[PDB]
Amino acid sequence: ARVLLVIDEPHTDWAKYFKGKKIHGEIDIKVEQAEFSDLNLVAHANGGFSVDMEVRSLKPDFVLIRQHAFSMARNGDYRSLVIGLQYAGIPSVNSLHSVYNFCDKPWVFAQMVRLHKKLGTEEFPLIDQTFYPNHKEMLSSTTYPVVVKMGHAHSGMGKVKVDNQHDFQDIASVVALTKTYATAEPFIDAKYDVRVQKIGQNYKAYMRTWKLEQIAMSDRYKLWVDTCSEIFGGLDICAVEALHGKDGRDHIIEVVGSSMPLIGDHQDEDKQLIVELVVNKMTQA
Amino acid sequence: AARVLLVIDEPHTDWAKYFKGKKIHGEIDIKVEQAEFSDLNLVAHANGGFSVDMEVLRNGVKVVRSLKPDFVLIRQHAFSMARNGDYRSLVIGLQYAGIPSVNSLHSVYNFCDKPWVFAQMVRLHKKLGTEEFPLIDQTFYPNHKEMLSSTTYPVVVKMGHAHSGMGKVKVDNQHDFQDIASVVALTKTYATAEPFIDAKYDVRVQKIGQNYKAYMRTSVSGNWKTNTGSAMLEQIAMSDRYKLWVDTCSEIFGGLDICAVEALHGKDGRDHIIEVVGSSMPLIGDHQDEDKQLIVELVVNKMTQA
Amino acid sequence: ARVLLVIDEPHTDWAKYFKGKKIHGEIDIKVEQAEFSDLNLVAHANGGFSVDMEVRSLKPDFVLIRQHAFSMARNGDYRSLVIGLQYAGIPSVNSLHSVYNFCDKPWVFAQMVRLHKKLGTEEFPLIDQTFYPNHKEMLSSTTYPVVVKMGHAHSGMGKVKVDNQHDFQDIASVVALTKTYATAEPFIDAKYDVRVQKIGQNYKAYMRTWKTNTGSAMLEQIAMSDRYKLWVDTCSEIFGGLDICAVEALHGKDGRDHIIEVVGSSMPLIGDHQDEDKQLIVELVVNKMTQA
Amino acid sequence: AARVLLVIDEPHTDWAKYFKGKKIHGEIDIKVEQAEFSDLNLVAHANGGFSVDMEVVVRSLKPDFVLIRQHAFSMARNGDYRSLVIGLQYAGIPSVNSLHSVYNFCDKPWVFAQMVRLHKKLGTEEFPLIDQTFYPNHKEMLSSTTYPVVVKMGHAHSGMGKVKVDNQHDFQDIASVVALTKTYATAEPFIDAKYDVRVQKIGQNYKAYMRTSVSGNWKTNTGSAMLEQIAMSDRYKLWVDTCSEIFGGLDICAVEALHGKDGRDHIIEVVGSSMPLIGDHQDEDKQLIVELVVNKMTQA
Ligand SMILES: Nc1ncnc2c1ncn2[C@@H]1O[C@H](COP(=O)(O)OP(=O)(O)OP(=O)(O)O)[C@@H](O)[C@H]1O
Ligand SMILES: Nc1ncnc2c1ncn2[C@@H]1O[C@H](COP(=O)(O)OP(=O)(O)OP(=O)(O)O)[C@@H](O)[C@H]1O
Ligand SMILES: Nc1ncnc2c1ncn2[C@@H]1O[C@H](COP(=O)(O)OP(=O)(O)OP(=O)(O)O)[C@@H](O)[C@H]1O
Ligand SMILES: Nc1ncnc2c1ncn2[C@@H]1O[C@H](COP(=O)(O)OP(=O)(O)OP(=O)(O)O)[C@@H](O)[C@H]1O
Ligand SMILES: [Ca+2]
Ligand SMILES: [Ca+2]
Ligand SMILES: [Ca+2]
Ligand SMILES: [Ca+2]
């Protein structure tokens with residue numbers, strides 16, 4: 001029986017979705033589930049290794065990662081477990097390589113910058129964004145308001161709207177206390193934001209209208225996510241988020257990996273899709 | 001043999017000049033060494049032995065010269081949560097070596113957490129009452145989790161331990177407060193929130209030894225932070241009111257030789273004390289040269305007592 | 001009913017030890033107990049405040065601190081809670097001031113360095129320790145072996161025996177990764193080590209028979225000498241006074257004593273009089289609460 | 001319009017000297033700008049605009065290329081320059097080694113993992129990777145099968161954080177120290193080495209040096225030691241060739257291995273473009289690096 005470790009919150013019962021699924025028609029799949037916070041491991045270059053949960057130990061043959069491997073908030077650093085999993089040679093979705101490299105939002109943005117550079121604005125409208133290695137480079141902005149995003153954090157954390165020079169200077173003084181990097185980008189007066197996802201070969205576009213209706217995929221939206229899905233060796237599960245300004249201009253602000261939240265009326269379909277995806281990946285091994 | 005005095009301060013002020021010709025007991029000369037925290041290190045032995053190492057730029061070659069100070073004057077902030085602003089171990093080292101200081105090393109170490117110092121003012125306020133010691137209403141949050149909301153807006157949020165306006169922001173509403181709380185989570189430290197005061201001006205009452213001065217500061221750049229941007233300073237008369245403020249605060253942590261009390265003066269006529277600073281308070285106004293001389297007098301007298 | 005918050009692990013049922021105890025003869029005492037890791041609070045300059053536990057909230061009239069307030073190990077920093085309690089103006093044992101100042105072992109040691117300078121080696125034999133603000137000052141050592149103690153940690157953590165120059169250099173390079181200070185001191189070929197404790201006005205001395213801290217060891221309560229009493233009485237005066245404290249010393253095979261540390265109100269209770277010590281602590285707390 | 005090359009290296013090597021007279025496509029000049037990570041900062045815009053600020057006066061530049069000779073990360077205070085690497089990539093500035101490999105080289109265990117893969121593929125005979133155990137944090141550090149071992153704490157250089165442990169009691173003391181570093185660590189068999197070897201590869205040039213101590217230290221990079229260049233073998237060529245393909249390709253790299261007294265080799269690490277130049281051919285290596293960079297610059 002093949003052991004699949006799914007790093008995810010307890011709500012979604014992954015064992016339920018993998019129930020009955022078999023590799024090559026007879027190799028059963030056992031599902032072990034737990035959050036990053038309850039895991040630890042030890043890996044040997046020789047191949048031996050063990051993942052400890054809660055305390056029960058297991059040896060996953062594969063891993064599905066649905067949780068953020070890193071957050072600059074307290075207790076959110078799980079990079080060393082990602083390193084350990086890679087060290088033990090365990091295959092995963094998304095790839096451990098992409099997971100590790102997704103641990104710095106500006107590092108992932110840089111990849112889109114390169115994409116934007118090749119494709120041009122009419123094909124890939126990447127939002128205008130500025131990167132600051134530290135607060136010392138934060139002096140002012142061309143226009144206001146702007147959205148400042150501090151360090152590497154999720155669910156709105158560390159993201160503030162700044163309406164003027166004085167406030168910017170204050171916010172910059174706060175970046176100094178985070179002792180990390182930050183970005184600033186034009187605040188978009190949005191009519192709504194859209195997220196284009198891609199799981200394996202399935203695509204879906206959702207329209208949500210400061211901080212849900214499924215729409216039709218377009219060739220434009222497909223290009224956005226197809227191009228983004230190729231970074232860091234390829235992302236099996238990813239999505240592109242863009243803001244649609246009242247003036248009709250689109251602005252791509254981010255690309256998410258395998259921890260992207262499932263949304264809308266089809267969360268069930270998407271989980272099954274992820275299951276189909278992981279089963280196929282496990283099959284090849 | 002000359003007594004060695006180490007002054008920890010930025011190079012803008014040349015203390016050697018101010019201590020020139022000052023003698024202890026009339027015949028002992030004072031040799032002044034000066035440097036910033038960033039260029040200092042030391043080693044201290046329980047038996048009394050010790051050495052202070054100072055990095056100096058002697059013509060391109062980064063040279064380290066060691067000294068054995070008999071006394072120390074601390075004019076720089078020993079701690080800041082900004083990168084490279086943590087000099088607490090040097091303060092511990094100086095105390096470990098038993099070096100006398102101004103202000104006392106004990107007070108300096110205990111001044112490394114603004115809310116910890118503020119707690120002393122809270123005690124003094126419960127004791128003296130609002131009429132005589134109008135401490136501002138402030139709330140202390142050990143971490144971001146307890147930052148849910150405020151009774152009134154706008155509020156001024158002060159993150160961790162920092163200076164010169166660093167880490168302080170004005171928040172006008174509930175939604176913005178929640179965003180700021182999420183930022184606090186990224187600083188991974190404590191934070192305080194206090195009522196934003198529409199101030200006519202702010203004032204600072206200082207006490208150097210037995211010399212008192214009060215200054216009023218007004219912004220002329222539309223900065224609610226009057227220490228940020230150009231502003232106007234006006235020295236004002238000392239009052240019994242101002243004197244009580246700095247006298248009572250000057251007694252904390254065993255006694256502060258150099259200290260000051262900052263208060264905001266509302267447009268509605270109400271005063272609000274927001275902080276007491278130690279021996280690293282910036283000299284201000286048009287009497288800075290006098291204050292430096294007052295500090296020499298104080299230090300020389302403290303050195304004589306040893 | 002006065003509320004007493006006891007910060008300690010659950011192995012000790014403080015509610016039981018305080019059961020029946022009343023202040024002034026009629027005011028009952030309500031005991032709330034929890035570890036630092038399960039606590040949070042909010043304090044206002046106006047006197048308002050709340051301590052949140054686990055989630056249930058309380059308003060302690062007094063606190064007894066039995067847990068280390070600071071450790072450089074991950075998750076061990078509770079200094080902000082000690083600041084909060086002081087900000088809320090809550091009385092404590094030991095005093096919150098002393099607890100805060102005990103959060104840097106070398107800072108505490110510095111107080112003993114002064115006592116030693118006043119008393120003299122014959123009265124107060126403080127061990128020959130060296131303080132390094134950071135690793136850059138860690139070059140060598142007069143003698144070997146030495147014991148290096150990194151940062152601020154407990155129960156033997158971060159402490160290592162170093163036998164030679166080269167090993168010292170390697171260990172110094174590790175201090176660099178801790179990004180904090182460290183101390184070095186002569187390794188004592190100890191016959192045994194002793195701990196002289198003082199809880200209120202009750203004194204006890206125990207002899208324990210290289211880290212007698214780690215693994216199985218034997219304890220023998222020994223007589224208090226005036227010498228021992230002097231060590232703990234003087235150390236008990238630092239930072240405004242310690243209601244609970246103990247001095248640790250190493251006794252070398254050559255007959256010499258070496259004081260290596262004074263612990264505060266979170267000192268572990270040891271030997272066979274631990275129940276009595278808890279009872280002495282209860283008496284102490286009740287006396288303190290009565291005066292408020 | 002001369003091309004700007006920013007070299008991130010310490011003042012010792014005068015890179016401008018080595019690039020003097022070199023021109024792209026025959027006529028385009030190359031201006032060399034040099035500085036250490038500590039004296040650099042920058043700003044990058046998604047629109048392409050950007051600037052590098054060097055404390056020389058705070059002069060600012062717009063490198064057309066970058067050569068990185070300095071470690072981008074160290075867990076010692078002030079050794080974290082990862083955000084500058086991210087910044088350079090955000091600005092889309094070509095580099096040697098690739099900024100991608102530089103960023104991924106900021107965790108020794110992450111790189112070692114790559115060498116684990118190659119070992120699984122190649123076998124001990126061709127790729128004798130040392131027996132190493134990775135610990136995410138001090139909690140899994142219970143004991144060792146054999147002693148003595150070498151504990152390598154977190155991510156650091158020049159011997160920092162590396163200690164020899166001769167027994168269980170000492171392993172536990174060191175485990176408690178790791179707890180204080182609040183990071184990962186690895187443990188590996190201590191090798192009674194006759195000497196240790198390093199096989200380097202710069203572009204298409206290979207070299208192999210052997211180093212042995214003479215100051216009494218097991219860390220032969222600490223104290224007086226003797227270096228001796230030796231002959232390249234196909235065994236060595238395989239080592240550096242295989243590792244040079246990781247993270248999209250390493251322009252400059254080397255594989256370090258220990259040669260036990262029992263005759264066995266043990267590979268312990270692969271370094272990137274900030275590997276120190278050793279031996280009697282440092283001038284030649286700096287020249288090979290100039291050629292490599294000139295070529296890379298030519299292609300852009
Ligand atoms: N530049 C901008 N202009 C206007 N609104 C913005 C901008 N950037 C972000 N927002 C708004 O803030 C929301 C959250 O921003 P962002 O997606 O960066 O946060 P996040 O922490 O990555 O979110 P989550 O983790 O919930 O995916 C966006 O959905 C959008 O509504
Ligand atoms: N609650 C407040 N309401 C109104 N203005 C405020 C408030 N708090 C601070 N300010 C303004 O900002 C200035 C700086 O604030 P504060 O003194 O707290 O910062 P700081 O970092 O300690 O600065 P410095 O080191 O210059 O003392 C005050 O002098 C005042 O002008
Ligand atoms: N200099 C020394 N020479 C010899 N043995 C020593 C020395 N320092 C410490 N030890 C031994 O190690 C034990 C624990 O060391 P120490 O008390 O410094 O550690 P700790 O972390 O404070 O421990 P605990 O929290 O148990 O008090 C001592 O009781 C003694 O047995
Ligand atoms: N397992 C081991 N057994 C024996 N000697 C070892 C072992 N690991 C390292 N050494 C010795 O220590 C030296 C330095 O170790 P290592 O290369 O791990 O350190 P480093 O910090 O990466 O140093 P550098 O950056 O100079 O490469 C090696 O050259 C070798 O002589
Ligand atoms: Ca998002
Ligand atoms: Ca102030
Ligand atoms: Ca102890
Ligand atoms: Ca190496």
Side-chain angles (χ1 to χ4, degrees), chain A residues 68 105 149 153-157 159 193 195 208 211 239-243 252-257 259-261 263, chain B residues 77 114 117-118 156 158 161-168 202 204 217 225-228 260-264 273-278 280-282 284, chain C residues 68 71-73 105 108-109 127-130 143 145-162 183-195 206-215 217 246-253 258-264 266-268 270, chain D residues 173 176 180:
Chain A
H68 287 294
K105 269 178 182 181
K149 306 181 171 178
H154 327 285
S155 298
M157 178 173 291
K159 310 191 174 58
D193 62 64
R195 197 192 71 175
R208 181 168 56 140
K211 294 186 189 175
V240 181
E241 279 177 53
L243 307 187
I252 291 182
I253 61 167
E254 139 174 61
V255 51
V256 291
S259 80
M260 68 159 221
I263 60 176
Chain B
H77 300 308
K114 286 186 170 192
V117 174
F118 198 91
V156 174
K158 305 186 181 181
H161 188 88
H163 323 276
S164 292
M166 181 166 291
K168 301 170 181 73
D202 52 71
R204 201 189 76 173
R217 185 171 63 200
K225 289 185 184 174
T226 70
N227 73 327
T228 298
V261 179
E262 300 171 32
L264 301 182
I273 297 179
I274 62 169
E275 179 181 12
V276 60
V277 291
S280 67
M281 55 164 217
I284 62 175
Chain C
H68 295 309
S71 173
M72 281 176 186
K105 272 184 181 185
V108 179
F109 199 86
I127 190 170
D128 266 294
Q129 193 180 81
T130 291
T143 59
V146 300
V147 172
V148 170
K149 302 187 179 180
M150 304 180 181
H152 185 87
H154 324 278
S155 297
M157 184 180 298
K159 306 180 178 63
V160 308
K161 180 163 176 286
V162 179
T183 59
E185 62 193 56
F187 166 76
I188 303 302
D189 188 9
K191 197 181 297 174
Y192 60 81
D193 59 67
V194 299
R195 196 187 82 171
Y206 287 101
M207 172 193 255
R208 180 167 64 186
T209 301
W210 63 277
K211 282 183 180 177
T212 71
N213 170 323
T214 309
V247 177
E248 293 175 37
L250 302 177
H251 190 75
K253 292 178 182 180
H258 307 83
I259 294 178
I260 67 169
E261 182 180 18
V262 51
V263 289
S266 63
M267 67 171 207
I270 60 179
Chain D
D173 284 343
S176 80
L180 287 182

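Order of appearance sets the numbers: ligands from 1, and atoms from 1 within every ligand. Side chains included, hydrogens not; waters and symmetry mates left out as well; all remaining heavy atoms used. Below, chain A is the first sequence line, B the second, and so on; all start at residue 1.
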- request: Over all heavy atoms of both residues, which pair between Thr209(C) and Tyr192(C) is shortest? Give the atoms and the distance, please.
  value: OG1-CB, 3.6 Å
message: So for ligand 3, is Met157(C) a polar contact partner (N or O within less than 3.5 Å, distance only)?
response: no
task: For atom 8 (N) of ligand 3, state which one of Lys105(C), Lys159(C), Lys149(C) supplies the nearest heavy atom.
output: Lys149(C)
query: When you measure from atom 25 (O) of ligand 3 to every protein heavy atom, which one gives the shortest distance, and what is it?
result: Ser155(C) N, 2.9 Å
- prompt: Any idea which atoms of ligand 3 are less than 4.0 Å away from a heavy-atom of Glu261(C)?
  reply: 22 (O)
- prompt: Parallel, tilted or perpendicular: which fits the ring planes of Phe187(C) and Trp210(C), with parallel below 30° and perpendicular above 60°?
  reply: perpendicular
- prompt: Out of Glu248(C), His154(C), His152(C), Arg195(C), whose heavy atom sits nearest atom 27 (O) of ligand 3?
  reply: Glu248(C)
task: Mark the output for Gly158(C) as yes if a heavy-atom distance to ligand 3 is under 4.0 Å, and as no if none is.
output: no
Shortest protein contact, atom 3 (N) of ligand 3 (heavy atom only): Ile188(C) N, 2.9 Å
field: Residue part near ligand 3, for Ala190(C), under 4.0 Å between non-hydrogen atoms
entry: neither
- line: d(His258(C) NE2, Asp193(C) CG) to nearest 0.5 Å is 13.0 Å
Side-chain heavy atoms of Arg208(C) within contact of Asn213(C), under 4.5 Å: yes
- line: Of all N, O or S atoms in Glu254(A), the one closest to the Ca ion (ligand 5) is OE1
query: Which distance, rounded to the nearest 0.5 Å, do you find between the CD of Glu248(C) and the CD of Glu261(C)?
result: 4.5 Å
field: Protein contact to atom 5 (N) of ligand 3 [nearest heavy atom, distance to 0.1 Å]
entry: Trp210(C) CE3, 3.5 Å
task: Give a yes/no verdict on whether any heavy atom in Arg208(C) is under 4.0 Å from an atom of ligand 3.
output: yes
statement: Rounded to the nearest 0.5 angstrom, the NE2-CE distance for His161(B) and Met166(B) is 12.0 Å
task: Answer yes or no: is there a side-chain heavy-atom contact under 4.5 Å between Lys105(C) and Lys149(C)?
output: no
query: Counting both backbone and side chain atoms, is some N or O of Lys211(C) under 3.5 Å from an N or O of ligand 3?
result: no
task: May I ask you to identify the nearest protein heavy atom to atom 2 (C) of ligand 3, giving residue, atom name and distance to one decimal place in Å?
output: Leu250(C) CD1, 3.3 Å
message: Taking distance alone, with N or O pairs closer than 3.5 Å, would you say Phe187(C) contacts ligand 3?
response: no
- prompt: How about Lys211(C) and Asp173(D): do any of their side-chain heavy atoms sit closer than 4.5 Å?
  reply: yes
statement: Of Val147(C), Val148(C), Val146(C), the one forming a side chain to side chain contact (heavy atoms under 4.5 Å, CB included) with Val160(C) is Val148(C)
query: Which atom names give the shortest non-hydrogen contact between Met150(C) and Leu180(D), and what distance separates them?
result: O-CD1, 3.5 Å
query: If you measure from each non-hydrogen atom of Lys161(C) to ligand 3, which part falls under 4.0 Å: side chain, backbone, both or neither?
result: neither
query: Do side-chain atoms of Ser176(D) reach the backbone of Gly158(C) as a donor and acceptor pair under 3.5 angstrom?
result: yes
- request: Pick one of side chain, backbone, both or neither for how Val147(C) approaches ligand 3, counting any non-hydrogen atom pair under 4.0 Å.
  value: side chain
message: Give me the residue, atom name and distance of the protein heavy atom closest to atom 23 (O) of ligand 3.
response: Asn213(C) ND2, 2.7 Å
field: atom 1 (N) of ligand 3: nearest protein contact (heavy atom, Å)
entry: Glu185(C) OE2, 2.8 Å
Side chain, backbone, both or neither: the part of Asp193(C) lying under 4.0 Å from ligand 3 by heavy atom: side chain
message: Quick one, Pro282(B) and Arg204(B) - any side-chain contact, counting heavy atoms below 4.5 Å?
response: yes
